[PDB]
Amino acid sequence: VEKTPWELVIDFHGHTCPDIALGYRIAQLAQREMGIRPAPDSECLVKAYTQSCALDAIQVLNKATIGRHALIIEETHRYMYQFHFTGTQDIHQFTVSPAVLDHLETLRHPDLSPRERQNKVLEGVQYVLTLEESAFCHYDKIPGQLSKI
């Protein structure tokens, strides 16, 4: 009875929030689309264009960590993620749909009761997990590489 991918992410992240659910989905989609790691020394590098909870799902499931210099953050307030296996020619790019981010913002108000705020947290997670893939993000496989600094 191993921990599930979800349980591993939440254990590491330390709470359940809509933004970690977004990262769980991006991580799993990247796992699916990137294909088979081509060599033992090939590393998954990721460039994220915003720093948020989501990064932690990427660290746990894609194994691209801050400590390895494999997770690269360029803060531009964009929910866009570029994934690359080293030695390959390709970037797997995922951009979360703007409508998704818009809706999640509505669930955070400064003047909520703690009960109300927590209800909206759980609603946001339902929302993220029930989106169809095409509604959730846009995927482009493009020529490109990432490298460590």
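One rule holds for the numbers: they count along the sequence shown, beginning at 1.
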Quiz item: Which is higher in the entry, the mean Cα B factor of 55-63 or that of 101-109?
Solution: 101-109
Quiz item: Should residue 118 be placed in the lowest, middle or highest third of its chain by the C-alpha B factor in the entry?
Solution: highest
Quiz prompt | CA B-factor ranking of residue 32, expressed as a third of its chain | solution = highest
Quiz prompt | Relative C-alpha B-factor of residue 124, binned into the chain's lowest, middle or highest third | solution = middle
Self-check item: Entry-reported Cα temperature factor of residue 42, expressed as the chain third it lands in
Solution: highest
Quiz item: Mind checking which third residue 131 falls in for C-alpha B-factor across the chain?
Solution: middle
